[PDB]
$ cat final_0.txt   # compact mmCIF, N, CA and C atoms
# COMPACT_ATOMS: atom_id res chain seq x y z
N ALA A 296 -16.17 -25.51 34.87
CA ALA A 296 -16.79 -24.82 33.74
C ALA A 296 -16.05 -23.52 33.46
N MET A 297 -15.63 -23.32 32.22
CA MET A 297 -14.79 -22.19 31.85
C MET A 297 -15.53 -21.29 30.87
N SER A 298 -14.82 -20.32 30.31
CA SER A 298 -15.40 -19.43 29.31
C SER A 298 -14.46 -19.22 28.14
N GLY A 299 -14.79 -18.27 27.26
CA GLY A 299 -13.98 -17.98 26.11
C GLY A 299 -14.79 -17.50 24.92
N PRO A 300 -14.15 -17.39 23.76
CA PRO A 300 -14.85 -16.95 22.56
C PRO A 300 -15.83 -18.00 22.05
N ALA A 301 -16.62 -17.58 21.07
CA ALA A 301 -17.59 -18.45 20.42
C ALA A 301 -17.57 -18.29 18.91
N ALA A 302 -16.50 -17.72 18.36
CA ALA A 302 -16.38 -17.54 16.92
C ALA A 302 -14.91 -17.51 16.56
N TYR A 303 -14.63 -17.29 15.29
CA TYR A 303 -13.26 -17.17 14.81
C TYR A 303 -12.91 -15.69 14.67
N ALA A 304 -11.79 -15.40 14.00
CA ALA A 304 -11.37 -14.03 13.74
C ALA A 304 -11.03 -13.86 12.27
N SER A 305 -11.73 -12.95 11.60
CA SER A 305 -11.64 -12.80 10.15
C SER A 305 -10.34 -12.14 9.72
N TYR A 306 -10.05 -12.27 8.42
CA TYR A 306 -8.79 -11.82 7.86
C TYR A 306 -9.02 -11.55 6.37
N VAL A 307 -9.21 -10.28 6.02
CA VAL A 307 -9.66 -9.88 4.70
C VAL A 307 -8.60 -8.97 4.09
N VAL A 308 -8.40 -9.09 2.78
CA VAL A 308 -7.33 -8.42 2.06
C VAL A 308 -8.02 -7.29 1.29
N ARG A 309 -9.08 -6.74 1.88
CA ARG A 309 -9.70 -5.54 1.32
C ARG A 309 -8.78 -4.34 1.50
N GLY A 310 -9.01 -3.33 0.68
CA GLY A 310 -8.20 -2.14 0.76
C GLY A 310 -6.90 -2.29 -0.02
N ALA A 311 -5.91 -1.51 0.39
CA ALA A 311 -4.62 -1.49 -0.30
C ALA A 311 -3.77 -2.72 -0.02
N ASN A 312 -4.21 -3.62 0.85
CA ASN A 312 -3.55 -4.91 1.00
C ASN A 312 -3.58 -5.70 -0.29
N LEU A 313 -4.70 -5.62 -1.01
CA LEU A 313 -4.87 -6.35 -2.25
C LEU A 313 -3.88 -5.89 -3.31
N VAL A 314 -3.56 -4.60 -3.31
CA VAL A 314 -2.63 -4.03 -4.29
C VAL A 314 -1.22 -4.54 -4.05
N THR A 315 -0.82 -4.62 -2.78
CA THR A 315 0.44 -5.26 -2.45
C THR A 315 0.40 -6.76 -2.64
N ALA A 316 -0.78 -7.37 -2.63
CA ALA A 316 -0.84 -8.82 -2.69
C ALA A 316 -0.59 -9.33 -4.09
N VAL A 317 -1.16 -8.66 -5.09
CA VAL A 317 -1.17 -9.19 -6.45
C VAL A 317 0.22 -9.10 -7.07
N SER A 318 0.80 -7.90 -7.05
CA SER A 318 1.99 -7.59 -7.83
C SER A 318 3.28 -7.82 -7.07
N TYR A 319 3.24 -8.56 -5.96
CA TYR A 319 4.40 -8.65 -5.10
C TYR A 319 4.40 -10.00 -4.40
N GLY A 320 5.13 -10.07 -3.30
CA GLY A 320 5.01 -11.18 -2.38
C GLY A 320 3.65 -11.22 -1.72
N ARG A 321 3.36 -10.32 -0.78
CA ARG A 321 2.13 -10.47 0.02
C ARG A 321 1.57 -9.13 0.47
N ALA A 322 0.65 -9.23 1.42
CA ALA A 322 0.04 -8.16 2.17
C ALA A 322 0.36 -8.36 3.65
N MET A 323 -0.25 -7.53 4.48
CA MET A 323 0.11 -7.41 5.89
C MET A 323 -1.12 -7.56 6.75
N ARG A 324 -1.08 -8.52 7.67
CA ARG A 324 -1.89 -8.45 8.87
C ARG A 324 -1.54 -7.17 9.61
N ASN A 325 -2.56 -6.53 10.22
CA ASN A 325 -2.44 -5.28 10.98
C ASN A 325 -1.91 -4.14 10.12
N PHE A 326 -2.49 -3.98 8.93
CA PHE A 326 -1.97 -2.97 8.00
C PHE A 326 -2.28 -1.56 8.48
N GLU A 327 -3.48 -1.34 9.00
CA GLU A 327 -3.80 -0.05 9.61
C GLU A 327 -2.91 0.21 10.81
N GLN A 328 -2.58 -0.84 11.56
CA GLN A 328 -1.58 -0.71 12.60
C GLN A 328 -0.21 -0.46 12.00
N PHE A 329 0.07 -1.06 10.85
CA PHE A 329 1.38 -0.88 10.24
C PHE A 329 1.51 0.50 9.61
N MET A 330 0.43 1.00 9.02
CA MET A 330 0.46 2.34 8.46
C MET A 330 0.45 3.39 9.55
N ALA A 331 -0.06 3.05 10.74
CA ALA A 331 -0.06 3.98 11.85
C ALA A 331 1.34 4.30 12.34
N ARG A 332 2.29 3.40 12.12
CA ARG A 332 3.65 3.67 12.58
C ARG A 332 4.39 4.58 11.61
N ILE A 333 4.66 4.10 10.39
CA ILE A 333 5.77 4.68 9.64
C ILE A 333 5.40 5.99 8.94
N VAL A 334 4.12 6.25 8.67
CA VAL A 334 3.72 7.53 8.10
C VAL A 334 2.80 8.32 9.03
N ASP A 335 1.92 7.65 9.78
CA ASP A 335 0.89 8.38 10.51
C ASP A 335 1.41 8.93 11.83
N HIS A 336 2.18 8.14 12.57
CA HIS A 336 2.74 8.56 13.85
C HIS A 336 4.08 7.88 14.08
N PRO A 337 5.15 8.41 13.50
CA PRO A 337 6.46 7.76 13.64
C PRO A 337 7.16 8.08 14.94
N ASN A 338 8.44 7.69 14.98
CA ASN A 338 9.42 7.80 16.08
C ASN A 338 8.81 7.59 17.47
N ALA A 339 8.02 6.53 17.57
CA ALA A 339 7.53 6.03 18.85
C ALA A 339 8.31 4.77 19.19
N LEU A 340 8.63 4.63 20.46
CA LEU A 340 9.45 3.58 21.06
C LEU A 340 8.58 2.40 21.47
N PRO A 341 9.08 1.17 21.36
CA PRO A 341 8.22 0.01 21.64
C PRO A 341 7.88 -0.16 23.11
N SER A 342 6.65 0.22 23.46
CA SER A 342 6.14 0.09 24.82
C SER A 342 5.03 -0.95 24.84
N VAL A 343 5.01 -1.77 25.89
CA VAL A 343 4.13 -2.93 25.93
C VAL A 343 2.68 -2.51 26.07
N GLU A 344 2.38 -1.72 27.10
CA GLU A 344 1.01 -1.33 27.40
C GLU A 344 0.42 -0.42 26.33
N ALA B 296 15.56 25.57 -34.75
CA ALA B 296 14.77 26.06 -33.63
C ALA B 296 13.96 24.90 -33.09
N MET B 297 13.78 24.86 -31.77
CA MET B 297 12.90 23.86 -31.19
C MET B 297 12.43 24.34 -29.83
N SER B 298 11.27 23.83 -29.42
CA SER B 298 10.78 23.98 -28.06
C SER B 298 10.89 22.64 -27.36
N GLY B 299 10.72 22.67 -26.04
CA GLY B 299 10.80 21.46 -25.28
C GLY B 299 10.71 21.67 -23.78
N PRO B 300 11.17 20.68 -23.03
CA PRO B 300 11.06 20.74 -21.57
C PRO B 300 12.03 21.74 -20.98
N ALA B 301 11.73 22.15 -19.74
CA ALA B 301 12.57 23.08 -19.02
C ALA B 301 13.03 22.57 -17.66
N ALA B 302 12.59 21.39 -17.25
CA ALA B 302 12.96 20.84 -15.96
C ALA B 302 12.88 19.33 -16.04
N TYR B 303 13.13 18.68 -14.91
CA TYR B 303 13.06 17.23 -14.84
C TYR B 303 11.64 16.83 -14.42
N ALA B 304 11.46 15.57 -14.02
CA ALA B 304 10.16 15.09 -13.56
C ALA B 304 10.34 14.30 -12.28
N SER B 305 9.63 14.70 -11.22
CA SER B 305 9.91 14.23 -9.87
C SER B 305 9.53 12.77 -9.66
N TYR B 306 10.20 12.13 -8.71
CA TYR B 306 9.89 10.75 -8.35
C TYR B 306 10.17 10.59 -6.86
N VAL B 307 9.12 10.64 -6.05
CA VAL B 307 9.27 10.59 -4.60
C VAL B 307 8.49 9.38 -4.11
N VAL B 308 8.96 8.80 -3.00
CA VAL B 308 8.42 7.58 -2.42
C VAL B 308 7.53 8.04 -1.26
N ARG B 309 7.00 9.26 -1.38
CA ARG B 309 6.06 9.78 -0.40
C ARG B 309 4.76 8.99 -0.44
N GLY B 310 4.10 8.93 0.71
CA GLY B 310 2.85 8.19 0.78
C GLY B 310 3.07 6.70 0.99
N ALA B 311 2.14 5.91 0.45
CA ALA B 311 2.11 4.48 0.72
C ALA B 311 3.16 3.69 -0.04
N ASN B 312 3.89 4.32 -0.97
CA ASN B 312 5.05 3.67 -1.56
C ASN B 312 6.09 3.36 -0.49
N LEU B 313 6.29 4.30 0.43
CA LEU B 313 7.23 4.14 1.53
C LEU B 313 6.83 2.98 2.42
N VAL B 314 5.52 2.79 2.61
CA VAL B 314 4.99 1.72 3.45
C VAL B 314 5.35 0.37 2.87
N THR B 315 5.28 0.24 1.55
CA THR B 315 5.77 -0.97 0.90
C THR B 315 7.29 -0.99 0.84
N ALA B 316 7.93 0.18 0.88
CA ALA B 316 9.36 0.24 0.63
C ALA B 316 10.16 -0.32 1.79
N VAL B 317 9.73 -0.02 3.01
CA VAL B 317 10.44 -0.50 4.19
C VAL B 317 10.30 -2.00 4.33
N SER B 318 9.09 -2.52 4.10
CA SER B 318 8.87 -3.96 4.24
C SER B 318 9.38 -4.72 3.03
N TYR B 319 8.79 -4.48 1.88
CA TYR B 319 9.14 -5.24 0.69
C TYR B 319 10.18 -4.51 -0.12
N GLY B 320 10.91 -5.26 -0.93
CA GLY B 320 12.03 -4.69 -1.63
C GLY B 320 11.68 -3.95 -2.90
N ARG B 321 10.48 -3.37 -2.98
CA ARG B 321 10.04 -2.71 -4.19
C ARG B 321 9.19 -1.50 -3.83
N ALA B 322 8.96 -0.65 -4.84
CA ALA B 322 7.98 0.43 -4.75
C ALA B 322 7.49 0.76 -6.15
N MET B 323 6.24 1.21 -6.23
CA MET B 323 5.57 1.38 -7.51
C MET B 323 6.05 2.63 -8.24
N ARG B 324 5.43 2.86 -9.39
CA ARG B 324 5.47 4.15 -10.06
C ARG B 324 4.07 4.73 -9.94
N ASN B 325 3.92 5.72 -9.05
CA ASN B 325 2.65 6.40 -8.79
C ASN B 325 1.58 5.39 -8.35
N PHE B 326 1.78 4.93 -7.11
CA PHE B 326 0.93 3.94 -6.46
C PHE B 326 -0.55 4.24 -6.60
N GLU B 327 -0.95 5.51 -6.54
CA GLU B 327 -2.34 5.87 -6.76
C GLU B 327 -2.77 5.57 -8.19
N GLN B 328 -1.90 5.85 -9.16
CA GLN B 328 -2.21 5.56 -10.56
C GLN B 328 -2.32 4.06 -10.79
N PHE B 329 -1.57 3.29 -10.02
CA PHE B 329 -1.71 1.85 -10.02
C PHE B 329 -2.86 1.36 -9.15
N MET B 330 -3.26 2.13 -8.14
CA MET B 330 -4.38 1.75 -7.29
C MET B 330 -5.71 1.84 -8.03
N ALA B 331 -5.85 2.81 -8.93
CA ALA B 331 -7.12 3.04 -9.60
C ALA B 331 -7.49 1.92 -10.56
N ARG B 332 -6.52 1.19 -11.09
CA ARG B 332 -6.84 0.14 -12.05
C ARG B 332 -7.46 -1.07 -11.38
N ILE B 333 -7.02 -1.42 -10.18
CA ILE B 333 -7.34 -2.71 -9.59
C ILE B 333 -8.47 -2.62 -8.57
N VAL B 334 -8.53 -1.58 -7.75
CA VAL B 334 -9.60 -1.49 -6.77
C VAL B 334 -10.66 -0.44 -7.12
N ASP B 335 -10.32 0.61 -7.86
CA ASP B 335 -11.29 1.66 -8.15
C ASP B 335 -12.13 1.34 -9.37
N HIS B 336 -11.49 1.18 -10.52
CA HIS B 336 -12.15 0.81 -11.77
C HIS B 336 -11.52 -0.48 -12.27
N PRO B 337 -11.94 -1.64 -11.76
CA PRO B 337 -11.41 -2.91 -12.26
C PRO B 337 -11.95 -3.21 -13.65
N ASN B 338 -11.36 -4.24 -14.25
CA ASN B 338 -11.58 -4.82 -15.58
C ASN B 338 -11.91 -3.82 -16.68
N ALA B 339 -11.23 -2.68 -16.67
CA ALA B 339 -11.32 -1.74 -17.77
C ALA B 339 -10.32 -2.18 -18.82
N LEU B 340 -10.78 -2.30 -20.06
CA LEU B 340 -9.94 -2.89 -21.08
C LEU B 340 -8.87 -1.90 -21.52
N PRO B 341 -7.63 -2.36 -21.74
CA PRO B 341 -6.52 -1.44 -22.04
C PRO B 341 -6.67 -0.81 -23.42
N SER B 342 -6.67 0.52 -23.45
CA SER B 342 -6.82 1.27 -24.68
C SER B 342 -5.80 2.39 -24.72
N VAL B 343 -5.36 2.74 -25.93
CA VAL B 343 -4.21 3.61 -26.10
C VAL B 343 -4.53 5.03 -25.68
N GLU B 344 -5.71 5.52 -26.02
CA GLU B 344 -6.08 6.88 -25.67
C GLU B 344 -6.55 7.03 -24.23
$ encode --input "final_0.txt" --output "structure tokens"
Amino acid sequence: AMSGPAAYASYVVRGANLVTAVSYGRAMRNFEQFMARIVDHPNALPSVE
Amino acid sequence: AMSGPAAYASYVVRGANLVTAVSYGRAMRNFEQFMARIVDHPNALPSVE
């Protein structure tokens, strides 16, 4: 007998993802994560943990 | 005799234009001015004034 999740994981294009979605190619999974890098906290090196 | 402008008009990719700029091969003209039409005040009919 094992364990695990009991639901799925949502994916919504709310926010400024929608603005990139309509007039372009697409939007971004992890957009808040993506905005956290290049404007919010740049020049960080790729660390696993 | 005439009056007129005295300088140019700025165009910077500051803000979320840069976020689209690194990933996708485009950037808007005043992303906020484009943001207000689609997510802030949608379906406003286009009028000249």
$ closest_atom_pairs --input "final_0.txt" --of "chain A" --to "stretch 329-344 of chain B" --cutoff "10 Å" --atoms "only C-alpha atoms" --output "CSV"
residue,atom,partner,partner_atom,distance
A:309,CA,B:334,CA,9.0
A:310,CA,B:334,CA,7.7
A:311,CA,B:330,CA,7.7
A:313,CA,B:334,CA,8.2
A:314,CA,B:330,CA,6.7
A:315,CA,B:330,CA,9.8
A:317,CA,B:333,CA,9.5
$ write_last_selection --input "final_0.txt" --atoms "N, CA and C atoms" --output "tab-separated table (two decimals), keeping the file's coordinate frame"
chain	number	residue	atom	x	y	z
A	309	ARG	N	-9.08	-6.74	1.88
A	309	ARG	CA	-9.70	-5.54	1.32
A	309	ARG	C	-8.78	-4.34	1.50
A	310	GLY	N	-9.01	-3.33	0.68
A	310	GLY	CA	-8.20	-2.14	0.76
A	310	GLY	C	-6.90	-2.29	-0.02
A	311	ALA	N	-5.91	-1.51	0.39
A	311	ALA	CA	-4.62	-1.49	-0.30
A	311	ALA	C	-3.77	-2.72	-0.02
A	313	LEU	N	-4.70	-5.62	-1.01
A	313	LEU	CA	-4.87	-6.35	-2.25
A	313	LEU	C	-3.88	-5.89	-3.31
A	314	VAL	N	-3.56	-4.60	-3.31
A	314	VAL	CA	-2.63	-4.03	-4.29
A	314	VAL	C	-1.22	-4.54	-4.05
A	315	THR	N	-0.82	-4.62	-2.78
A	315	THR	CA	0.44	-5.26	-2.45
A	315	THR	C	0.40	-6.76	-2.64
A	317	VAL	N	-1.16	-8.66	-5.09
A	317	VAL	CA	-1.17	-9.19	-6.45
A	317	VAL	C	0.22	-9.10	-7.07
$ atom_distance --input "final_0.txt" --atom1 "atom C of residue A:327" --atom2 "atom CA of residue B:307"
22.2 Å
$ atom_distance --input "final_0.txt" --atom1 "atom CA of residue A:319" --atom2 "atom N of residue B:312"
13.6 Å
$ atom_distance --input "final_0.txt" --atom1 "atom CA of residue B:308" --atom2 "atom CA of residue B:324"
8.9 Å
$ select_by_dssp --input "final_0.txt" --residues "chain A" --states "helix (DSSP H, G or I)" --output "number ranges by chain"
A: 312-317, 326-335
$ decode --input "final_0.txt" --residues "stretch 310-344 of chain A" --atoms "N, CA and C atoms" --output "CSV table (one decimal), in the first residue's frame"
chain,number,residue,atom,x,y,z
A,310,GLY,N,-3.7,37.0,-15.2
A,310,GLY,CA,-2.6,38.0,-15.1
A,310,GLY,C,-2.0,38.4,-16.4
A,311,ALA,N,-0.8,38.8,-16.4
A,311,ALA,CA,-0.1,39.3,-17.6
A,311,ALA,C,0.3,38.1,-18.5
A,312,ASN,N,0.1,36.9,-18.2
A,312,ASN,CA,0.3,35.8,-19.1
A,312,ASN,C,-0.7,35.9,-20.3
A,313,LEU,N,-1.9,36.3,-20.0
A,313,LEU,CA,-2.9,36.4,-21.0
A,313,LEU,C,-2.5,37.5,-22.1
A,314,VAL,N,-1.9,38.5,-21.6
A,314,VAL,CA,-1.4,39.6,-22.5
A,314,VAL,C,-0.4,39.1,-23.5
A,315,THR,N,0.6,38.3,-23.0
A,315,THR,CA,1.5,37.7,-23.9
A,315,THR,C,0.9,36.5,-24.7
A,316,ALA,N,-0.2,36.0,-24.2
A,316,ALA,CA,-0.8,34.9,-24.9
A,316,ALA,C,-1.5,35.3,-26.2
A,317,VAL,N,-2.2,36.4,-26.2
A,317,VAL,CA,-3.1,36.7,-27.3
A,317,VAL,C,-2.3,37.2,-28.5
A,318,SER,N,-1.4,38.2,-28.2
A,318,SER,CA,-0.8,39.0,-29.3
A,318,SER,C,0.6,38.4,-29.7
A,319,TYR,N,0.9,37.1,-29.4
A,319,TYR,CA,2.2,36.6,-29.6
A,319,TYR,C,2.1,35.1,-29.8
A,320,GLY,N,3.2,34.4,-29.6
A,320,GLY,CA,3.2,33.0,-29.5
A,320,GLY,C,2.5,32.5,-28.2
A,321,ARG,N,3.0,32.7,-27.0
A,321,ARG,CA,2.4,32.1,-25.8
A,321,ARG,C,2.6,32.9,-24.6
A,322,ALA,N,2.4,32.2,-23.5
A,322,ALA,CA,2.6,32.6,-22.1
A,322,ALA,C,3.6,31.6,-21.5
A,323,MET,N,3.8,31.7,-20.2
A,323,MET,CA,4.8,31.0,-19.4
A,323,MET,C,4.3,30.4,-18.2
A,324,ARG,N,4.4,29.0,-18.1
A,324,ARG,CA,4.4,28.4,-16.8
A,324,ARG,C,5.5,29.0,-16.0
A,325,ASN,N,5.2,29.1,-14.7
A,325,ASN,CA,6.1,29.7,-13.7
A,325,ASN,C,6.5,31.1,-14.0
A,326,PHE,N,5.5,31.9,-14.3
A,326,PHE,CA,5.8,33.3,-14.7
A,326,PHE,C,6.2,34.2,-13.5
A,327,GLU,N,5.6,34.0,-12.4
A,327,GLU,CA,6.1,34.7,-11.2
A,327,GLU,C,7.5,34.2,-10.8
A,328,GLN,N,7.8,32.9,-11.1
A,328,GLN,CA,9.2,32.5,-11.0
A,328,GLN,C,10.0,33.1,-12.1
A,329,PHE,N,9.5,33.3,-13.2
A,329,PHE,CA,10.2,33.8,-14.3
A,329,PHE,C,10.5,35.3,-14.1
A,330,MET,N,9.5,36.0,-13.6
A,330,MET,CA,9.7,37.5,-13.3
A,330,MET,C,10.6,37.7,-12.1
A,331,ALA,N,10.7,36.7,-11.2
A,331,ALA,CA,11.5,36.8,-10.1
A,331,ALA,C,13.0,36.8,-10.5
A,332,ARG,N,13.4,36.3,-11.6
A,332,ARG,CA,14.8,36.3,-12.0
A,332,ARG,C,15.1,37.6,-12.7
A,333,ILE,N,14.6,37.9,-13.8
A,333,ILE,CA,15.3,38.9,-14.7
A,333,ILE,C,15.0,40.3,-14.3
A,334,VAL,N,14.0,40.6,-13.6
A,334,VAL,CA,13.8,42.0,-13.1
A,334,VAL,C,13.8,42.1,-11.5
A,335,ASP,N,13.3,41.0,-10.8
A,335,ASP,CA,13.1,41.2,-9.4
A,335,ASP,C,14.3,40.9,-8.6
A,336,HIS,N,15.1,39.8,-9.0
A,336,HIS,CA,16.3,39.4,-8.3
A,336,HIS,C,17.3,38.8,-9.3
A,337,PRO,N,18.0,39.6,-10.1
A,337,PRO,CA,18.9,39.1,-11.1
A,337,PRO,C,20.2,38.6,-10.6
A,338,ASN,N,21.1,38.3,-11.5
A,338,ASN,CA,22.5,37.8,-11.4
A,338,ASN,C,22.6,36.8,-10.2
A,339,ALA,N,21.7,35.8,-10.2
A,339,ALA,CA,21.8,34.7,-9.3
A,339,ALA,C,22.2,33.5,-10.2
A,340,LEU,N,23.1,32.6,-9.7
A,340,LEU,CA,23.7,31.5,-10.3
A,340,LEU,C,22.8,30.2,-10.1
A,341,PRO,N,22.7,29.3,-11.0
A,341,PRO,CA,21.8,28.2,-10.9
A,341,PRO,C,22.2,27.2,-9.8
A,342,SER,N,21.6,27.2,-8.7
A,342,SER,CA,21.8,26.3,-7.6
A,342,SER,C,20.6,25.4,-7.4
A,343,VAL,N,20.9,24.1,-7.1
A,343,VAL,CA,19.8,23.1,-7.1
A,343,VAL,C,18.9,23.3,-6.0
A,344,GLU,N,19.4,23.4,-4.7
A,344,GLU,CA,18.6,23.5,-3.5
A,344,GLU,C,17.9,24.8,-3.4
